Amino acid sequence: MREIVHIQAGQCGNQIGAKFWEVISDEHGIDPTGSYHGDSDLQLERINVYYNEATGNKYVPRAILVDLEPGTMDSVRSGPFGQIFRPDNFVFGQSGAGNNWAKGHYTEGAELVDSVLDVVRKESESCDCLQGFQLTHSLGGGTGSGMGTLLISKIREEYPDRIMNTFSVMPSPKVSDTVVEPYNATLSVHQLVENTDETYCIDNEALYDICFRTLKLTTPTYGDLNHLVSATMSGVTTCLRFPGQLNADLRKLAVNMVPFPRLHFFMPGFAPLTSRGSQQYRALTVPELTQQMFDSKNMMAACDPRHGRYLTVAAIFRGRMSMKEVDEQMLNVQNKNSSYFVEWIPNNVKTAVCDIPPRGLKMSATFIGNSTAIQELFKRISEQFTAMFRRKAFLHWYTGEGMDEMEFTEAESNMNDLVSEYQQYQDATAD
Amino acid sequence: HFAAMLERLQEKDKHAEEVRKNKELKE
Amino acid sequence: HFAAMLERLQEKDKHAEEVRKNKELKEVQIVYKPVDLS
Amino acid sequence: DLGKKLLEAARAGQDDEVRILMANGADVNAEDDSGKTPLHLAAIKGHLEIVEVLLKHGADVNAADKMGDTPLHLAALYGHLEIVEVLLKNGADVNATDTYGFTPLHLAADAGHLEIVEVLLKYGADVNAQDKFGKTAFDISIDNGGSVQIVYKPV
Ligand SMILES: Nc1nc2c(ncn2[C@@H]2O[C@H](COP(=O)(O)OP(=O)(O)O)[C@@H](O)[C@H]2O)c(=O)[nH]1
């Protein structure tokens, strides 16, 4: 029954992974003990995608929790829903990665990886028909970045015919001052380009700017940043968790969204944007929903969608609304904004509508775009990487772990190639 | 196609063992 | 038959590099020849 | 309360907001969750005028965070030469040591900022200073940086 295995690695991966489970649990009527208490049958129809049914009619997330930082286990277990997670699915080390990709990928991470693979093997074999995997992690640290990409690679060896999907948090010096974050992110992107089928680019630069400029928060905290992350993750997974026709599984989503294998980095967006504690006085109209979710101020990646073209788009509308009005509005943005949509992929914008809205909203909309403007995110990381790399800055922290400088050169070149490929398709014409 | 992908992934594994051995040479 | 023999000899080579690497874990070259008659 | 506001403005490069907070009596040595003062933040982010204003208003030039890093260590680590020069001209300790035994010279050499390594050395930085890993600053830059001979002998 199309099961997904969820994996959360590192401090960021576990923080956003926990919020994902707290949020989707509420939507499905599942309390922290695993009991169901809802009104709608749509809540449990596809509960199997993310939850295992344990004895006593309980539901337990098909989630594996990983971190080299031992202290992460306590913070996850102490969360509102820490009780729901399978105890044996918590795999924690004693020595962290110290913001070092090489430690997470090659040394401390490699020491712990077989313990994680044992637990993913067990969840995977228990599946009636496994779809693939979903990894939440950051790219700026050491565990989520290095060990997360090591896990992806090992999982790909045993399950090569399954979808590998990630929620990858991109670093921004606006939220983190760690000097080596561009190194860790470039090394991770190199891995993601080769080994994932679809990746959602949750950019800390866009999240900080949404909180500061749009939500008017003088100093956004990780809670503020993560409110946007969970709201995004709920929206982008709605099609997988509820009964529907379009993009109902990770494979059908990838066939619709990815025309060229490497070009699988999605720009997520949502509407209405809200802060924690902001009440909704009235529901947005379908034209407000459609206009806002396509707005650059609503994107979760710091890229201007009007600086590129949309290869493909998935629009998900949640709540009770007119489908005729939705269709009209979706045709309206494409006909009015025709120059930001590739003309050589006919009917590249697919729209789904789910009757169940998210918490505190009567109407909402989530956007998923595969845009050539995503090169703005990669160019920003590449520039930061190059500034340090030309000075051979901080390399001993990586080569001291056994790494070769040639790996940095290879990763830089691969990400720069990815950027040229987006530009090639942006300039392509339907001759 | 799957065998080519596996060969590529297994070469990453040989490389990882080389990295681990290289660290050992230093300390 | 000759390919099997060569494969066996080439495994001795891989082994020799492992031995050399093992010494390194624990802890350029002059070649002398005499003067020619000519 | 004004200490939190002063730290946000120092990090965000708001020159006029810092000037206003200073006039309204904010604590120059207010610390963030990591023991960093507004001077550490302006040094990390490279806001020279904010550094000059903070120093002029009595900020501790050798203030250390919970990791033992002074504004000089962070100016060196983040490659801000002018800030390093201002801090030095204002009494910064060139031989300041952090939890790892790194001095500002160690961080400048790791960052690949040879111009900062030079100004630190001209201000008296110890070239033999070793970190807790037994490494000098130049050992770090070297670490970062990454046949047969036929001899005819008469008999
Ligand atoms: N959005 C978001 N970013 C986070 C969070 N925690 C850490 N990060 C980012 O992740 C990076 C550091 O990676 P982290 O997950 O802390 O490291 P790891 O434990 O070694 O994987 C930096 O870019 C942080 O800003 C979080 O809760 N939310």
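Read-outs: derived from the displayed coordinates by stated rules, not from any lab. We place every Cβ from the backbone using ideal geometry, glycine too, and count neighbours over all the protein chains shown.
A few notes on this one:
- Here the 3J(HN,Hα) profile of region A:375-386, calculated from phi with Karplus coefficients 6.51, -1.76 and 1.60 at θ = phi - 60°, is 4, 4, 5, 5, 5, 4, 4, 4, 5, 5, 4, 4 Hz, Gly and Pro shown as x.
- Sorting A:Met321, A:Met1 by the number of Cβ atoms found within 10 Å of their own Cβ, with the fewest placed first, yields A:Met1, A:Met321.
- Shape class of region D:76-125 from the Cα gyration tensor (axes a ≥ b ≥ c, square roots of the eigenvalues): oblate, since a/c reaches 1.5 or more and a/b does not exceed b/c.
- Taking the alpha carbon gyration tensor of region A:16-144, multiplying each eigenvalue by 5 and rooting it gives semi-axes of 29, 16, 13 Å, largest first.
- Of all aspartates and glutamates in the structure, those lying under 17 Å Cα to Cα from A:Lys297, and not within fewer than 8 positions of it along the same chain, are A:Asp203, A:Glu205, A:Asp209, A:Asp224, A:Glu288, A:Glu376.
- Derived scalar couplings ³J(HN,Hα) [region A:311-321; Karplus, 6.51 cos²θ - 1.76 cosθ + 1.60; whole Hz; x for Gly, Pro]: 6, 8, 9, 10, 10, 10, 9, 10, x, 8, 8
- Per the Debye calculation on region A:115-158 with a single equal scatterer at every Cα and no solvent contribution, log₁₀ I(q)/I(0) for q = 0.26, 0.28 Å⁻¹ amounts to -0.99, -1.08.
- Calculated translational diffusion coefficient of region A:1-73 (37 °C, 0.692 mPa s; Stokes-Einstein with Kirkwood radius over alpha-carbon pairs) equals 252 µm²/s.
- For A:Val349, residues with placed amide H under 5 Å, excluding near neighbours: A:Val313
- Value of Rg to Rh for region A:260-373 (Rh from inverse mean 1/r over Cα pairs, i.e. Kirkwood): 0.96
- Shown here for region A:238-312: chymotrypsin sites (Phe, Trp or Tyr not before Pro) in loop regions (DSSP other than H, G, I, E, B) with at most 14 other Cβ atoms within 10 Å, namely A:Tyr281.
- Cα pair distances of chain A binned at 10 Å [whole percent]: 4, 23, 34, 27, 11, 2, 0
- The equivalent ellipsoid of chain D has semi-axes of 40, 14, 13 Å, largest first, where each one is the square root of 5 times an eigenvalue of the Cα gyration tensor.
- Only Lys, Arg, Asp and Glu carry charge here, each on its Cβ (+1 for the first two, -1 for the last two); on that basis region A:2-259 has a dipole of about 240 debye about its Cα centre.
- Extent along the principal axes, Cα only, for region A:2-259: 49, 44, 42 Å, with the longest axis given first.
- MRE, 222 nm, helices only [DSSP H, n ≥ 4, -39500 (n - 2.57), over chain A, to nearest 500]: -13000 deg cm²/dmol
- Choice from A:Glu125, A:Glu383, A:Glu405 showing the highest fluctuation, given a GNM over chain A with Cα pairs closer than 10 Å: A:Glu125
- With a threshold of 29 Å on the Cα-Cα distance, the over-threshold entries among A:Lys362/D:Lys5; D:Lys4/D:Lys56; A:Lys58/A:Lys103; A:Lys174/D:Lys122 are A:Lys362/D:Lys5; A:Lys58/A:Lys103; A:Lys174/D:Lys122.
- Local electrostatic count at A:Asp249 - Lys and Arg +1, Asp and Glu -1, tallied over other residues with Cβ under 13 Å: +3
- Listed by Cβ neighbour count within 10 Å, with the fewest neighbours leading, A:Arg309, A:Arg121, A:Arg320 appear as A:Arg320, A:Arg121, A:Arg309.
- Within 10 Å of each Cβ in A:169-176, the average number of Cβ atoms from other chains: 1
- Charged neighbours of B:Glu18, selected by a Cβ distance under 13 Å, balance to -3 (K, R count +1; D, E count -1).
- Values of log10 I(q)/I(0), in the order q = 0.13, 0.20, 0.28, 0.30 Å⁻¹, for region A:374-431 under a Debye, Cα-only, solvent-free model: -0.43, -0.78, -1.13, -1.20
- For the segment D:104-113, counting C-beta atoms of other chains within 10 Å of every residue's C-beta and taking the mean gives 3.
- Of all DSSP-defined beta bridges confined to chain A, some 35% are antiparallel rather than parallel.
- In plain terms, the residue of D:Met67, A:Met293 with the fewest other Cβ atoms within 10 Å comes first and the most crowded comes last, giving D:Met67, A:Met293.
- Under the Karplus curve 6.51 cos²θ - 1.76 cosθ + 1.60, θ = phi - 60°, whole-Hz ³J(HN,Hα) for region B:9-23, x wherever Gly or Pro sits: 5, 5, 5, 4, 5, 5, 4, 4, 5, 5, 4, 4, 5, 5, 5
- Counting charges near D:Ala137 (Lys, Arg +1; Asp, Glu -1) among other residues having Cβ under 15 Å from its Cβ returns a value of -3.
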